[PDB]
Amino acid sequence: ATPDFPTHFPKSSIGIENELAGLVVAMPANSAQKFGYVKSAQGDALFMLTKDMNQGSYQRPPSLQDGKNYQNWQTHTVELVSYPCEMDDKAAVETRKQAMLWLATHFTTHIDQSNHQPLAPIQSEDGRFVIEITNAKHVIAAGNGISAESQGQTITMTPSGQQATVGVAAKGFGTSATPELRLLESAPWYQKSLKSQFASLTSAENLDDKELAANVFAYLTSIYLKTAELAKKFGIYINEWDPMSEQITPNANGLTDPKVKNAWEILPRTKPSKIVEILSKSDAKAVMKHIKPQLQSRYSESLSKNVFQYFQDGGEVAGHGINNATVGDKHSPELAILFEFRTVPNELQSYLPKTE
């Protein structure tokens, strides 16, 4: 049992994803993504050990035949996924980086003397870190896992294998109140001009929280407009909208296609429809009613209707979202919305481990 991510943080939170180079994990087909985790000796979960990119079917090297069944097993790259922590918690950020670098050195020894064997649950030499194995039905192998012996690889990490995910209070997006919020608001798809635009459209309206409504409107409208732009650009089938009806040839497999996710740069990871909950029933109605013409003044009726309905019925920006994250008082929790930095920017590089 790999522990689930904590969902609540007092303020902004950060998680990291780190794909390793130099080895693979092989596991039975249709196995769970998580096969273990690393915790501090104190018991705090630091990161998960996961399979990531499928690298083809696993073939046990004949020189390592052990009478064991490896039928239908698949090879994957290994990705280290941190348990989120508070963005300003220096010790927690540092312990995650150090534990990942330690595990990479441990993997370097593992492929040298225990190639094509599962990782064992052990404690680090200095006693700082502990490996827990949740799926023993795995093997770790050097390189691409075809040869019985390694090429003496050092297990490494690189910016191209790294992402960071930032979680903030949903009510904060558009307020520019913190450096994290300002970094998120710098996303090219976010149109800050929409805040003042909403205020102009709703003067005769007596809104419960006009500034919160304007922020929600700018956030949702920016996402809806960007989705329509990407659907047109990449020829994506959204709801009932057919790109071929507008003479657009598909050039992506959908919203989850890595090139589509890369085009967001700062990728929303939370279901857009969740944000409506931060407003009163009345204010939410006013925000939603005003989004439709923003799409319709820029996109065809069919694309506008389909994007609007898609997000209204709880559609996700790019597959399964992180929709249960909260911020503030643990007792009266507030919605947190998450964002994935496809490439780690200079502002967040200090959160990522660097191979020495």
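From 1 onward, residues are counted along the sequence shown. Definition used throughout: the rigid core is the maximal C-alpha set that superposes within 1.5 Å between two forms.
Enquirer: Comparing C-alpha positions in 6 other deposited structures of this protein against this form, with the rigid core used for the fit, which stretch differs more, 5-13 or 342-350?
Expert: Farther from the shown form on average in 6 other deposited structures of this protein: 5-13.
Enquirer: Report the stretch with the higher root mean square CA deviation, pooled over structures and residues in 6 other deposited structures of this protein, choosing between 155-163 and 103-111 after a rigid core fit.
Expert: Between the two stretches, 155-163 moves farther in 6 other deposited structures of this protein.
Enquirer: Between 289-297 and 323-331, which has the higher average C-alpha B-factor in the PDB entry?
Expert: Between 323-331 and 289-297, it is 323-331 that shows the higher mean C-alpha B-factor.
Enquirer: As stated in the PDB record, which stretch has the larger average Cα B-factor, 128-136 or 199-207?
Expert: It is 199-207 that shows the higher mean C-alpha B-factor.
Enquirer: Which one of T109, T270, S176, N115 shows the top CA temperature factor in the record?
Expert: Highest C-alpha B-factor among the listed options: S176.
Enquirer: Report the option among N72, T221, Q153, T77 whose CA atom has the maximum B-factor in the deposited record.
Expert: If I rank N72, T221, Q153, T77 by C-alpha B-factor, first place goes to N72.
Enquirer: Comparing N346 with the other modelled residues of its chain, is its CA B-factor in the lowest, middle or highest third?
Expert: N346: CA B-factor falls in the highest third of its chain.
Enquirer: Lowest, middle or highest third of the chain for the C-alpha temperature factor of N253?
Expert: Middle third of the chain for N253's C-alpha B-factor.
Enquirer: Compare the C-alpha B factor of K274 with those of the other modelled residues in its chain, then answer lowest, middle or highest third.
Expert: For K274, the deposited C-alpha B-factor lands in the middle third.
Enquirer: Lowest, middle or highest third: where is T95 by C-alpha B factor in its chain?
Expert: Within its chain, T95 is a middle-third residue by C-alpha B-factor, going by the deposited values.
Enquirer: Looking at the temperature factor on the CA atom of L64, which third of the chain's modelled residues does it land in?
Expert: As the PDB entry reports it, the C-alpha B-factor of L64 lands in the middle third of its chain.
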